[PDB]
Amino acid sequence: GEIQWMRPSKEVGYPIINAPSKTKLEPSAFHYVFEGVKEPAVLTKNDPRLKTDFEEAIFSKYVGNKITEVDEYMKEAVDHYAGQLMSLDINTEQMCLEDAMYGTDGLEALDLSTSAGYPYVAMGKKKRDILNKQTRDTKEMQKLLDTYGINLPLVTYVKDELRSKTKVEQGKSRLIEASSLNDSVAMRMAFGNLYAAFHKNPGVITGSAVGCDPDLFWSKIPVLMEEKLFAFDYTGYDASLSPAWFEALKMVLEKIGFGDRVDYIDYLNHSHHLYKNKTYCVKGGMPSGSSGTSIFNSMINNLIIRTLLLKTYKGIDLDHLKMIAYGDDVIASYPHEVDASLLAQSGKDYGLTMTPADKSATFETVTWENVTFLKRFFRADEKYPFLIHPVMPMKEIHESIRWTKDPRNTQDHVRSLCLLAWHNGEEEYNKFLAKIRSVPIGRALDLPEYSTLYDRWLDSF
């Protein structure tokens, strides 16, 4: 991705967009009970903690576009992935406005807490005022679609979240590029059934895990993998995507029956954004807050891995490439050992910056013992080995419990953390609960004991 130009929104007929300048994150009742070093991300250029220009830092993710056209290796990757998706018999029919708005099997209703984007954010009109779950009324939306149309500017917001001291000082805050409610709705009508098919089929056929439930899905992953695992991290995946990758995605959609609306992908590829009082045009780069962002990033990841394997290992049998992606995150396998370092070398030529899995200093062999997916390790249950525990290290959990964004949600926040933590074992889980109950706020919470969560886990299969 590359920013073509940027300048005052008034010069192109757009208004100044207001965005909060203060974080909602504040120390929680457990701030001094657990260890942690993360703090709220910088949200404004005048943050005292900054040690470099803010705006330059937040837009530096657009490293440019390395490739222009789709080459032979990419075309082969497209044919293979599309062929694989064809076995799913995905309903290519457009989804009706009602379901696209309020959900159906395999697709949750539109989130009412998220931004409605332009022009609603500038008119002070919110989602609450447009849709109603109890009625499932589409009349208001339809009128708004007819009035403002589609392909509207995406509104940029700085993401309010925790980050390492370094990322804070370097102004490396992540951004939310929110599609207008009109575009979100239009894209869900266009691809709603595709989204549902992926959500209902996490695995090695879709090569996707979006919509998955880790507590249950972890036991299914090992059986789908080939003998030798391989993986790697990407540096700024979304923003590094060149226009050619969007064209390859369109080719896949055409081959599976959605050639009808590949134009929606152009909206993602060549897009314009509003940030404060400026407007900018980007060539390439996947927007972070658009309908289908995670699914399309996942599909493209399937294309990327296939392309690099074909380019690096002529004669590779892609029918034995078994991979599962969640956006840029991926767990992959092949019957034979492959060199991730070599694949990373080939990736540079395609505009992708690939590094050792989980921040390793060097590319090491990936094993069931050290592999992670969505930050979770895989550990067989001591009593019933066929049941696989998704294990997220206590470090992330401790960092999280030390802050709050609304005291009213303390109970939900802590329970969510308990659902992740117990997989670390009874000894660790009990220590976690004891620390929580060392302060008044923690003692007033209703939290499940270990045996309760273990029994609930067994009963969920």
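Numbers for residues come from their place in the sequence shown, where the first is 1.
- Higher average CA B factor: 257 to 265, of the stretches 206 to 214 and 257 to 265.
- Per-stretch averaging of Cα B factors for 326 to 334 and 102 to 110 places 102 to 110 on top.
- Taking the deposited Cα B-factors for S28, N430, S400, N409, the highest one is held by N409.
- Within the selection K167, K283, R376, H80, the deposited Cα B-factor values reach their highest point at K167.
- Residue-level temperature factors show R306 in the lowest third of its chain, judged at the C-alpha atom.
- Ranked against the other modelled residues of its chain, the C-alpha B-factor of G351 as given in the entry falls in the middle third.
- Per-chain ranking of the deposited C-alpha B factor places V12 in the highest third.
- When all modelled residues of the chain are sorted by CA temperature factor, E247 is found within the lowest third.
- In the PDB entry, a CA B factor belonging to the highest third of its chain's modelled residues is recorded for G124.
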